Amino acid sequence: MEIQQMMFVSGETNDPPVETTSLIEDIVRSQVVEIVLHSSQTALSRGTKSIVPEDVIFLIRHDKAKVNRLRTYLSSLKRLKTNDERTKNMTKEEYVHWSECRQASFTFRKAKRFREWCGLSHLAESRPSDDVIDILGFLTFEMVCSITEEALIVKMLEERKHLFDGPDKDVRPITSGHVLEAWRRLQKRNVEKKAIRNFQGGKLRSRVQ
Amino acid sequence: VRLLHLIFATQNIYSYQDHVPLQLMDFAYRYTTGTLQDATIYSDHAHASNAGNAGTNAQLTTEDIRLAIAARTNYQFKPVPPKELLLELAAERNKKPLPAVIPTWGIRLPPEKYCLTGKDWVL
Amino acid sequence: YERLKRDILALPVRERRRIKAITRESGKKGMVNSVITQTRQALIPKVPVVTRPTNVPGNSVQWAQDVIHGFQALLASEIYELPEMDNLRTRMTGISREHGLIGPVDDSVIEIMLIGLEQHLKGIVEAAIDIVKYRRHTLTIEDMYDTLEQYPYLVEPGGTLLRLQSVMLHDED
Amino acid sequence: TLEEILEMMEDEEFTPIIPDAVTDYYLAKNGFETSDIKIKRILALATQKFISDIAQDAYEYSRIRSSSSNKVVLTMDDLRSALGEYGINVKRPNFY
Amino acid sequence: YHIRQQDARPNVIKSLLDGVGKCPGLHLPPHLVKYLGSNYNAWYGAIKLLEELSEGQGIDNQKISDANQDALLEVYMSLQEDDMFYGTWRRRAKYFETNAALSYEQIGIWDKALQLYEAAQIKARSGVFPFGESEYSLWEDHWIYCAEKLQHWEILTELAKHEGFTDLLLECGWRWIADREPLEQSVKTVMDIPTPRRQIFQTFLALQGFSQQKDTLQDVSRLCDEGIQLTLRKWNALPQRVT
Amino acid sequence: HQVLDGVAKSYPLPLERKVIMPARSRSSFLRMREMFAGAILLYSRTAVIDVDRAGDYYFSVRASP
Amino acid sequence: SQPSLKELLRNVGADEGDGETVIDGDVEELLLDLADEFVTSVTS
Amino acid sequence: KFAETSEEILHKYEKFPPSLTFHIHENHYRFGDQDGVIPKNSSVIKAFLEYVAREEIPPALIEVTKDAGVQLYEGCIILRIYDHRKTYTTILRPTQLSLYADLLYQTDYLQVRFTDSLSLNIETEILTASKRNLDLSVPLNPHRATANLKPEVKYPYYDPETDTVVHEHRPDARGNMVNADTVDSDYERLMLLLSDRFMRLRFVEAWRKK
């Protein structure tokens with residue numbers, strides 16, 4: 001997941017070993033296969049084999065809609081403003097690296113391998129378009145950015161003469177346990193307004209993000 | 001279904017309301033759907049699914065159904081009387097003495113701050 | 001109604017199928033439906049001992065020393081901490097041999113299991129914290145009983161809830 | 001905020017669709033009496049909102065069903081889907 | 001460093017362990033000295049340390065003094081001096097029935113040696129005497145040492161039927177054409193972690209399978225070739241002077 | 001006619017039943033059991049299940065003294 | 001070989017920052033028992 | 001000749017050994033002809049001693065006790081304890097869990113055609129009555145089943161000032177108080193690294209017999 005490691009850098013933080021990136025790769029792959037399962041099932045229940053954008057935006061059906069619409073058209077807020085204002089800076093190509101992650105998503109061109117690495121045996125009689133490929137790029141990028149945010153949050157919530165061989169340029173922020181706690185947190189079950197059947201017994205449900 | 005009336009006859013209950021057979025048949029349909037659904041999942045599991053590795057061919061022997069039902073009754077379906085558990089648990093309760101006191105001809109209430117004082121609830 | 005009901009049942013061609021279901025079914029060595037034998041047979045340890053008509057592969061003989069070792073562990077709730085791998089592995093081998101499998105657990109099972117466990121318990125305690133305070137406090141047993149009255153889908157019934165309703169002691173004792 | 005919300009329930013400017021009598025009956029069933037009017041109107045309001053949420057779920061899931069870009073009926077497929085997306089459980093009706 | 005893979009002439013471990021013994025004041029743990037001295041080399045750099053701790057001053061702890069003596073007694077057993085093995089034991093052991101049987105056994109009359117071992121364990125087993133954890137690995141292992149010096153190979157057949165290990169492979173094996181199939185698979189359970197003894201069982205049943213034509217010739221040449229190179233590695237781990 | 005009333009004696013069954021039995025109770029029981037068993041007189045009273053044809057509901061017993 | 005309690009305390013010190021310190025003898029035992037039941041059922 | 005008493009079971013049922021003797025010498029625990037010894041393992045013997053400081057036989061003795069003794073060894077037990085600081089004895093009895101265990105070990109044979117839920121139920125209707133021919137079924141008059149003597153009370157009164165008053169017992173625990181109990185040589189540990197710290201007499205005493 002070289003793109004994911006770049007995307008993880010784009011969010012905020014640096015230096016994931018191969019472990020966290022392969023794990024995140026599995027995460028994103030699972031999320032996306034589930035999305036396409038649901039959307040294909042819904043379309044065929046409507047009675048059509050071709051995968052379409054109207055289902056998928058409504059599959060998210062949440063404030064998850066404003067940002068996705070902007071991404072297609074091109075083809076709280078104070079905090080995201082304030083953190084970016086703190087970022088403002090330059091040298092060793094400071095702002096330059098920021099752009100790389102933005103235009104190295106799977107949707108940029110490498111649509112083929114992104115289509116193949118994920119599941120593609122599904123819907124053998126049809127084949128989706130590249131518009132949904134770009135869409136999935138948007139969703140995968142947002143998922144990687146969110147996961148990273150929660151990992152950093154939990155990390156922070158946890159809180160002689162030099163021998164010259166320690167470089168004093170190495171840090172170890174992010175690992176399996178952090179991401180695991182974050183992905184527990186994000187599976188906040190439902191808003192809990194979808195689990196209000198409070199006094200009962202038994203349960204099962206799948207979930208995204 | 002008339003056979004559902006025939007089954008009612010086994011328990012001496014000939015006083016139904018005619019919504020019950022619809023309802024219990026609907027129920028059994030729902031239940032067996034779920035059952036032989038997850039049993040089909042397990043039949044797939046023996047057939048070593050992922051994002052394309054092999055086919056999916058159905059046999060659905062009895063063992064898979066047994067698996068799919070034991071998971072359900074893992075959290076449902078009032079089981080055999082768990083007597084021994086209750087006996088030992090109750091011996092653990094039935095261990096410490098009675099108060100052996102005399103409230104002297106009245107009622108003895110819990111102390112206020114454990115009593116309720118059912119006043120009109122108010123902010 | 002009963003006579004007319006049977007006559008109408010005979011109106012269907014399934015009167016023949018109805019006539020055949022007179023015997024006692026479960027044409028097997030048996031399926032007992034009693035209680036005490038279910039209990040006992042679900043209480044003693046079993047042993048996966050094998051036949052050998054021509055060849056029963058596996059290349060590792062079955063043992064029940066493992067089941068005794070499994071039932072002898074200092075399991076949780078005596079100690080004050082969630083079990084570290086080794087204890088859990090010793091307990092599992094016991095259960096696998098006791099159910100009728102063979103072969104050793106392969107050191108990745110324990111870790112995924114610990115993972116699921118700690119996720120479970122974080123969920124529960126998050127629920128209780130959501131009970132006590134809305135937005136310096138300290139938590140009790142009664143709050144956990146409250147939240148296991150509200151949300152019982154979390155825990156599987158049996159064993160512990162009955163034990164939970166036999167630990168709610170009064171102040172003086 | 002919050003205190004405006006019980007500044008407002010008292011006067012007629014905000015009186016939930018659920019009549020006071022019916023909510024009084026359902027308070028009493030599940031065991032609650034109090035000589036305030038705010039709280040009862042408030043539980044009324046929250047229930048109104050929850051049913052509104054399943055309403056919009058049904059509306060959109062009906063809007064997907066055909067022709068994205070003999071009148072409307074909220075049938076068992078629409079309901080099966082929305083109730084399912086909640087925690088409300090499976091509706092597998094049948095015939096025969 | 002994996003095996004700290006020097007395993008060569010005056011290497012780091014030999015030169016580090018022989019530099020510890022020249023300075024008094026540090027007292028490295030005795031089952032690490034036994035491991036480092038046996039696995040890499042410098043056996044006599046380890047007996048310099050395991051005798052310095054035993055004699056001279058006392059270490060003022062019984063559990064560091066007894067773990068030193070066990071670490072010493074399997075250095076002497078590894079280098080096969082028995083006269084220092086049997087003289088460190090009876091300086092240490094506490095019963096009377098085992099100070100008699102140890103000394104009837106380094107002389108070499110093994111009939112009054114085994115009688116004083118079965119009459120040593122019945123001094124235990126609800127006897128008042130505490131008998132230690134070691135001195136109980138001497139009773140149950142030198143009962144079976146003298147019972148295989150005396151050549152009682154049918155009694156310790158049924159004994160090794162119950163526990164089940166290389167002792168069953170050793171006595172029941174040599175004391176192979178008809179019972180090859182139970183013997184062959186029981187070898188391969190223990191053929192991993194190989195030793196110079198276990199390859200002789202692996203080679204010989206490959207030889208008596210060539211006699212019946214079950215096994216080809218060439219395989220016995222390869223099995224004797226890769227087995228000799230393991231015998232070479234055990235020769236190279238020993239000290240220089242041939243003893 | 002009445003033949004079907006006489007025939008309708010099905011006595012249905014389930015496939016599997018649960019038994020509420022925690023680890024702690026049976027563990028203390030079995031522990032103390034094998035303690036006394038090794039003290040007075042494997043040798044305990046145990047079941048016997050085969051690796052094959054399992055999935056049944058009751059099994060035989062060794063009953064070794 | 002290798003050169004040879006802070007699991008629950010870490011499971012709970014990372015949940016909150018306003019104290020919320022649980023009590024043993026009443027609460028902790030419950031949780032340990034739940035964990036035991038979970039492992040037994042799952043592996044079975 | 002009723003004999004379903006507690007102290008009388010010890011006073012009269014005495015001077016004969018169908019018992020199980022215990023042994024203590026301040027460090028080990030033992031009973032009967034035990035080849036082994038039990039140290040202070042609180043996992044087991046404290047569960048035992050909890051019961052035996054009361055007068056209940058634990059549930060678990062029964063099956064081994066049954067298969068061991070063919071007769072003259074059951075109904076109840078007494079345990080022979082003797083210290084080395086005297087000899088002492090004290091009695092133990094059933095609890096209805098021991099009795100239900102007396103039905104379990106009967107289930108290891110003839111699981112079919114046994115009518116378990118019927119026969120093993122009706123067995124108790126006879127057993128429980130037969131064990132206990134000493135019940136105390138004797139009434140006494142209250143102030144509630146006669147007349148002319150109904151008493152007065154003054155707790156549920158009506159003050160003129162205050163509304164009403166009641167009887168409500170008295171703890172000592174107040175609000176915002178302490179909740180409950182607490183939440184609960186490295187040189188030698190370094191000097192013992194890699195230390196990792198009569199069955200073969202059993203298999204030879206049989207062959208010496210032969």
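So, here's what we can say about the structure.

Reading guide: rules and limits
- Residues numbered from 1 in each chain as written, not as in the entry; some residues may be left out.
- Chains lettered and ligands numbered in written order.
- Part of a larger assembly, values for the part shown.
- Heavy atoms only, no water.
- Residues with missing side-chain atoms left out of burial classes, pairs and counts.
- Helix = DSSP H or I, 4+ residues; strand = E, 2+ residues; numbered from the N terminus.
- Buried < 20%, exposed > 50% of the residue type's maximum accessible area, 1.4 Å probe, protein only.
- Areas by Shrake-Rupley, 256 points an atom, 1.4 Å probe, with all protein chains shown as cover.
- Contact = heavy atoms within 4.5 Å.
- Nonpolar A, V, L, I, M, F, W, Y, C, P; charged D, E, K, R; others polar.
- Pairing = 2+ DSSP bridges.
- Core = buried A, V, L, I, M, F, W, Y, C linked by side-chain atoms within 4.5 Å.
- Buried area = accessible area lost by both parts, 1.4 Å probe.
- Salt bridge = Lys/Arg side-chain N within 4 Å of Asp/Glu carboxyl O.
- Axes fitted to C-alpha atoms, helices over the stretch in contact; angles between N-to-C directions.
- Patch = residues over 30% accessible without salt bridge, like charges linked within 9 Å, V, L, I, M, F, W, Y side chains within 5 Å.
- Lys, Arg positive; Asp, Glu negative; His and termini not counted.
- Charge placed at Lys NZ, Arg CZ, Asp CG, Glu CD.
- Parallel < 35°, antiparallel > 145°, perpendicular 65-115°, else oblique.

Scanning chain G from terminus to terminus reveals two helices and zero strands. Its C-alpha atoms give chain G principal-axis dimensions of about 35 × 35 × 20 Å. Of all 44 residues assigned to chain G, the portion counted as buried reaches 41%. Surface exposure of chain G reaches about 2,400 Å², of which carbon and sulfur atoms provide 52%.

Quick look at the interface of chain C and chain F now. Each partner contributes residues to the interface: chain C has 40 residues there, and chain F has 38 residues. Taken together, the residues of the side of chain C that touches chain F break down into 17 nonpolar, twelve polar and eleven charged.

A few words on the pairing of strand β1 (residues 20-24) of chain H. All names here are of chain H. Summarising burial for β1: four of the five residues are buried, a large majority. Bridge count for β1 against strand β3 (residues 77-82) is two bridges, and the pairing is parallel. Residue pairing for β3: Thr21 is matched across the bridge by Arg80. In terms of strand pairing, β1 meets strand β2 (residues 29-31) through three bridges, oriented antiparallel. Paired with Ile24 across the two strands is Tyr29, which belongs to β2.

Core analysis: the largest hydrophobic core is formed by 42 residues, its most contacted members being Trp89(E), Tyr117(E), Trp139(E) and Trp143(E). The residues touching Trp143(E), leaving out its near neighbours within four places in the chain, are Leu114(E), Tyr117(E), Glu118(E), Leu138(E), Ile155(E), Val204(H) and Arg208(H). In this structure, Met7(A), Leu139(A), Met143(A) and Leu186(A) belong to the second largest nonpolar core, which totals 29 residues.

With that settled, the discussion passes to the interface of chain B and chain F. With ten residues of chain B at the contact, the number on the chain F side is ten residues. Taking both partners together, chain B and chain F bury about 1,100 Å²; carbon and sulfur atoms supply 66% of that area. The three residues of chain B that bury the most area against chain F are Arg66(B), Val80(B) and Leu85(B), which together make up 43% of that side's buried surface. The interface formed by chain B and chain F holds one salt bridge in total. One salt bridge in this structure joins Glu16(F) and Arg66(B), with 2.5 Å as the shortest N-O distance.

Residue and element names in this part refer to chain F. The residue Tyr11 is not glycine, and still its phi comes out positive at about 60°. Relative to the elements of secondary structure, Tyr11 occurs in the loop between α1 (2-7) and α2 (23-40). Classification of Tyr11 by relative accessible area gives partly exposed; the value is 47%. The phi dihedral of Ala63 is positive, around 60°, even though this residue is not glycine. Position of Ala63 among the secondary structure elements: in the segment after α2.

All names here are of chain H. Strand order in the open sheet made by the four strands is β2-β1-β3-β4, with mixed pairing throughout. Both edges of this open sheet fall to β2 and β4 (87-92), since each of them pairs with a single strand only. Strand-to-strand twist across the sheet, computed as the mean angle between neighbouring axes with direction ignored, equals 25°. Pairing of β3 with β4 involves six bridges; the strand directions are antiparallel. Counterpart to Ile78 in the pairing with β4 is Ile91.

All names here are of chain C. Side chains of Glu142, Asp146, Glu149, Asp171, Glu172 and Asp173 sit close together on the surface and give a patch of like negative charge. For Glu149, the position within the fold is in helix α7 (residues 141-150). Overall, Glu149 belongs to the partly exposed group, its relative accessible area being 47%.

Here the focus is the pattern of salt bridges. Taken as a whole, this structure holds 45 salt bridges over all chains when the rule is applied. Ionic pairing is found between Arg53(F) and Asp56(F), a salt bridge with its closest N-O pair at 3.5 Å. Judged by its relative accessible area of 57%, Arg53(F) falls in the exposed class. According to the relative accessible area criterion, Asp56(F) is partly exposed, its value standing at 32%. Three or more residues joined by partner-sharing salt bridges are found here, namely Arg40(C), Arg33(F), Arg45(F), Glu63(H), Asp67(H) and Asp108(H).

On to the arrangement of the chains. Of all 15 pairs of chains sharing an interface, the pair with the highest contact count is chains C and F. For chain B and chain E, which are not in contact, the least C-alpha distance works out to 29 Å.

Bringing the environment of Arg30(B) into the picture now. Mapped onto the elements, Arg30(B) comes out in helix α2 (residues 20-46). The residues touching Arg30(B), leaving out its near neighbours within four places in the chain, are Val90(D) and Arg92(D).

Moving on to the packing of helix α12 (residues 198-207) of chain E against helix α13 (residues 217-236) of chain E. All names here are of chain E. Their axes nearest at 9 Å, the elements α12 and α13 cross at an angle of 170°. When the axes of α12 and α13 are compared, the pair comes out roughly antiparallel. In this structure, α12 uses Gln199, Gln202, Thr203, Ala206 and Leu207 to contact α13, whose residues at the interface are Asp219, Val220, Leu223, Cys224, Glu226 and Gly227.

Before going further, it helps to examine the side chain of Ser134(E). For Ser134(E), the position within the fold is in the loop between α7 (111-121) and α8 (139-149). Beyond its immediate stretch of four places on either side in the chain, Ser134(E) contacts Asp70(E), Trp89(E), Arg92(E) and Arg197(H).

Geometric descriptors of this kind do not, in isolation, establish any biological role.
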